[PDB]
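We did not get these values from a lab; they are worked out from the coordinates using the rules stated. Note that we place each Cβ from the backbone using ideal geometry, even for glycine, and neighbour counts take in every protein chain shown.
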Amino acid sequence: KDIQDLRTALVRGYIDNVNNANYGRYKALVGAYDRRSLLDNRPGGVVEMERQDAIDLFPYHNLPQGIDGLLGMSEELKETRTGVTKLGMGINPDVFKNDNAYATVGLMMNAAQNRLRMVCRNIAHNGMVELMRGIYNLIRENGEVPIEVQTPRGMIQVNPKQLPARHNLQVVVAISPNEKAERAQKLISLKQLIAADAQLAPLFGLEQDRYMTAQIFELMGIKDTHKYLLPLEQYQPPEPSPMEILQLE
Amino acid sequence: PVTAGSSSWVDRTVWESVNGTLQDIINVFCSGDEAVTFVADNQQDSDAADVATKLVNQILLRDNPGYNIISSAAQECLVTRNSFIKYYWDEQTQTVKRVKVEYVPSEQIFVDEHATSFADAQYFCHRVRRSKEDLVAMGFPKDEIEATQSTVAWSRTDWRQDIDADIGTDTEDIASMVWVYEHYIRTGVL
Amino acid sequence: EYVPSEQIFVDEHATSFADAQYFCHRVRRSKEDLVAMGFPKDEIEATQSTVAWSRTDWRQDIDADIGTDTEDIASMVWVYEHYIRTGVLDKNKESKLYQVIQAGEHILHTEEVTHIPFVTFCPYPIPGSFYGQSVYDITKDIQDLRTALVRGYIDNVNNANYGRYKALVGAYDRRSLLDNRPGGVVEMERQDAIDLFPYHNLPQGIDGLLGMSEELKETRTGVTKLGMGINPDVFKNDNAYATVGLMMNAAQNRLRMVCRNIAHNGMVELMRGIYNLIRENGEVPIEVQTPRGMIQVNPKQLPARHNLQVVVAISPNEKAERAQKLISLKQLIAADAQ
Amino acid sequence: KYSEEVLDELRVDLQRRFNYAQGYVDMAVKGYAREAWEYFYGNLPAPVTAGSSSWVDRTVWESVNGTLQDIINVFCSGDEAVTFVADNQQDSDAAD
């Protein structure tokens, strides 16, 4: 508001400073008008007799010099204080979580960007987490809703009380849309890690590997049973080949 | 304008800044597919965290217009100095129970002067618009003929819709909308 | 079908379809449909919206005589659809929402529905109101002013084009002066009898005002003369082209914000409404590949909206991208022999 | 299915509600919409006088087109409008 009013005033001033200048009135003497010719606007023909100096452009006050400076000061004050830049970049959730995510190019050291991120973080901490905790308490303190568990391919009625309290739950907001894909990468990376060490191989059985692959697919390939992939329920051990049998014999 | 000759040109500076901030606000919160994802601090309750995350996301984003609520809260708070969001146990009746989340304009909120937060608030009032059907379900079943700053503020907010206006529905109608008061009071009524 | 806003009526106390207590719509339906629902023996049943629509284009007038005879069974008539939340039955009963299709002093049809099909687009939505802002609500302020200035500018040149010559009375030499042939003017009698008529110079502030208006339009409207558009890929994730096209431009961010508001308010609502409509009625089969035939999947068998996420603004090439993932996934499943 | 008295009461209520809604919408939206459309084609700000020869600046139209091109490039550019994605593998097939 403090920026607005002032600016408007100046702008109004500016407008009239032009509007009046648009009239372009011509000052003239009394006895040297030559009204018939002067009124006519046809190209050329004015009879400017009687000293040849009977008409002159009416002087107009020049635009005040400070108007441009005041406008620039107001604009920069708005940019630095409000936090909005004409050609500045926005804040993605990824940079919001960590401003150094794009440290290679987009260090995001801009004061306006930092102020905007600060106010966004204040909104998130004050409002979002409180709302989520309130909803969690409301659902946890009443209602009977089941959950579709995959192991039996059915619905299990989990009592609301069975859910843990807020003391043991951390709430996170402002998650990037592509974060899921990122998680997938981690999983495969983790897979490689657990593939590197053979000590953990006995624990990492077929079911765990299939579950990890299914999680990766759900991250990208929502549907998995559509093709060669076979659910572990219908899987059966392969029949031994004659070659190994005869080798054992 | 002070005078016709001046022809004052109002500079839309507040609107520009508000929109510039709100676009980033929505790009940070509502941009993600899911609102939040609870993460358990212990592996024992890790499974329960996923179920709670799915339930809250379904309740907020899909079951209710989460985007509209968030946008309304963002636009109004920046200019109105505060926005409020309410969640209730809707019990519409095939009787169903839902977690109804709605944005409450600041024009319909009243708090005491000595309160600085909801935790220490000693009195919180709210004027809600509820159909006479709900009232009949809780009191005066035989009587249903029970017929300013907030209204002026809301009218000035848009200038198109006047909250205190006659929609046209007959007052005797069972679905007529009436103003009720919800009061959360910390007092020894006993 | 797209319903122009000129044929929509809502009550003042409603801010959204969910809480709307009355929604009316004037539709143009042929008399054939009316005969199918009422007054079979009578078919001779013969302003702001019309004016607004005429002013929208100035070519087509909705309230105009096409020429078809009124008695014709295919003549078009104005019917009214009303979704009303009222206790038409005993008020003690729940305020069920009823859809009523009526003609002139005739209620053709009445039914009970729990979802208004209409889906609205609200660019720059106004919180706590059924109608949002619009481009005209902003650009108009820029337009008028600019036009005025431009008009000024034009005359400032137009008059200057005349180039009138001021001259004394007794030193005209009309015969020579009028002649425009190269050279020959007899400018006798003090040699100063003709001089270019002074003209006011162009005001200095015009250029500054025009520049201020242009930059204000660029920053506020969100449209840049040489700026780049927003592809669906960048719309989903602004960091997709973070290598070069970080898309930090304020105008681009505002445009993406309004586009996202339109998507969330309109697109997903329309898709959910269509899904409910198909899921609540109709018998459509599906071409399943395993038997190379058609399986009649009942509409109820489809899951509810609670377990379905809707995504819009998908890039045309996304399919190709998916293919890559698949082959990548293939390699992964090729790596592990377990 | 309903008595004629019920139909008459419904007609009266519907007519009054329609009158109120029409008044409200005419006051609020359509009044501004008509002038917005007139400005879109640059026909409302007519010249004050013949000598002035006002040149209407098509600013609203330019901004509207600039926004609409991006809007269509974001939504209609893709071959398919939307693609429902199921949250559970059990109903993944139904989503397609």
Legend entry - Residues satisfying the stated conditions in the stretch C:303-324, i.e. crowded, with 16+ Cβ neighbours inside 10 Å and either more than 10 Å from chain D (Cβ to nearest Cβ) or part of a loop (DSSP other than H, G, I, E, B) (or both): C:303, C:310, C:311, C:313, C:314, C:315
Legend entry - Residue count, the stretch A:1-31 (criterion: aromatic (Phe, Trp, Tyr) and either touching an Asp or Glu at 6+ places or on another chain (Cβ under 8 Å) or more than 10 Å from chain C (Cβ to nearest Cβ) (or both)): 1
Legend entry - Which numbered condition residue C:268 fails, given (1) surrounded by 20 or more Cβ atoms within 10 Å (Cβ to Cβ); (2) within 21 Å of residue C:142 (Cα to Cα): (2)
Inset, instruction - Please go through the stretch A:178-201 and pick out each residue that is closer than 28 Å to residue C:235 by Cα and small (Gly, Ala, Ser). - result: A:181, A:184
Inset, instruction - Taking the options C:190, C:151, C:175, C:181, name whichever one is in a helix (DSSP H, G or I), surrounded by fewer than 16 Cβ atoms within 10 Å (Cβ to Cβ) and of a type in the set (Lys, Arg). - result: C:175
Inset, instruction - Would you mind telling me which numbered condition in (1) within 28 Å of residue C:205 (Cα to Cα); (2) in contact with a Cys (Cβ under 7 Å, 6 or more places away or on another chain) residue C:148 fails? - result: (2)
Inset, instruction - Inspect the stretch C:266-276 for any residue being touching a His at 6+ places or on another chain (Cβ under 9 Å) and away from chain A (no Cβ under 14 Å) and give the result as yes or no. - result: yes
Inset, instruction - May I ask you to list the residues in the stretch B:146-169 that are facing chain C (nearest Cβ under 8 Å) and either farther than 23 Å from residue B:124 by Cα or of a type outside the set (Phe, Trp, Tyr) (or both)? - result: B:157, B:158, B:160, B:161, B:162, B:163, B:165, B:167, B:168, B:169
Legend entry - Qualifying residue in the stretch D:23-30 (condition: surrounded by fewer than 17 Cβ atoms within 10 Å (Cβ to Cβ), small (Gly, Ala, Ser) and either touching a helix residue (DSSP H, G or I) at 6+ places or on another chain (Cβ under 7 Å) or within 26 Å of residue C:48 (Cα to Cα) (or both)): yes
Legend entry - Within the stretch C:1-41, tally of residues that are at the interface with chain D (Cβ under 10 Å from one of its Cβ atoms), within 30 Å of residue B:100 (Cα to Cα) and assigned to a strand (DSSP E or B): 6
Inset, instruction - Filter the stretch C:221-261 down to residues that are part of a loop (DSSP other than H, G, I, E, B) and touching a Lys or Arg at 6+ places or on another chain (Cβ under 6 Å) and give me whichever is surrounded by the most Cβ atoms within 10 Å (Cβ to Cβ). - result: C:222
Inset, instruction - Give the number of residues within the stretch C:78-118 that are away from chain B (no Cβ under 14 Å) and more than 24 Å from residue D:20 (Cβ to Cβ). - result: 0
Legend entry - Scope the stretch A:221-245; condition among the aliphatic types (A, V, I, L, M) and either away from chain D (no Cβ under 11 Å) or over 36 Å from the mean Cα position of the chain (by Cα) (or both); matching residues: A:229, A:230, A:232, A:243, A:245
Inset, instruction - Just name the residue that is nearest to the chain's Cα centre (by Cα) out of those in the stretch B:1-14 that are at the interface with another protein chain (Cβ under 7 Å from one of its Cβ atoms) and outside any helix (DSSP H, G or I). - result: B:12
Inset, instruction - Please indicate, with yes or no, whether at least one residue in the stretch A:35-48 is away from chain C (no Cβ under 12 Å) and either within 56 Å of the chain's Cα centre (by Cα) or on the phi < 0 side of the Ramachandran plot (or both). - result: yes
Legend entry - Selected residue (only one of A:42, A:51, A:36 is in a helix (DSSP H, G or I) and either of a type outside the set (S, T, N, Q) or over 16 Å from residue B:20 (Cα atoms) (or both)): A:36
Legend entry - residue A:83, sole failed condition from (1) crowded, with 16+ Cβ neighbours inside 10 Å; (2) within 29 Å of the chain's Cα centre (by Cα); (3) on the phi < 0 side of the Ramachandran plot: (3)
Inset, instruction - Six or more apart or on different chains, Cβ under 7 Å: which pairs go from a residue in the stretch A:12-27 that's more than 19 Å from residue B:8 (Cβ to Cβ) to one that's surrounded by 15 or more Cβ atoms within 10 Å (Cβ to Cβ)? Could you list them? - result: A:24/C:200; A:26/A:55
Inset, instruction - Can you run down the residue pairs with Cβ atoms below 8 Å, 6 or more apart or on separate chains, where the first is in the stretch D:25-40 and over 18 Å from residue C:58 (Cβ atoms) and the partner is surrounded by 18 or more Cβ atoms within 10 Å (Cβ to Cβ) and aliphatic (A, V, I, L, M)? - result: D:25/C:8; D:25/C:10
Legend entry - Flag if residue B:17 is within 12 Å of chain C (Cβ to nearest Cβ), closer than 29 Å to residue A:4 by Cα, polar (S, T, N, Q) and not in a helix (DSSP H, G or I): no
Legend entry - Answer residue from the stretch B:127-145, given it is assigned to a loop (DSSP other than H, G, I, E, B) and small (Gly, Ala, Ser) and is farthest from the other protein chains (Cβ to nearest Cβ) among those: B:139
Inset, instruction - For the stretch C:194-228, enumerate the residues that are out of contact with any helix residue (DSSP H, G or I) (no Cβ under 9 Å at 6 or more places or on another chain) and either more than 7 Å from chain A (Cβ to nearest Cβ) or under 21 Å from residue C:145 (Cα atoms) (or both). - result: C:196, C:207, C:211, C:215, C:226
Inset, instruction - Could you list, in sequence order, all residues of the stretch A:54-97 that are of a type in the set (D, E, K, R), within 9 Å of chain C (Cβ to nearest Cβ) and outside any loop (DSSP other than H, G, I, E, B)? - result: A:56, A:68, A:94
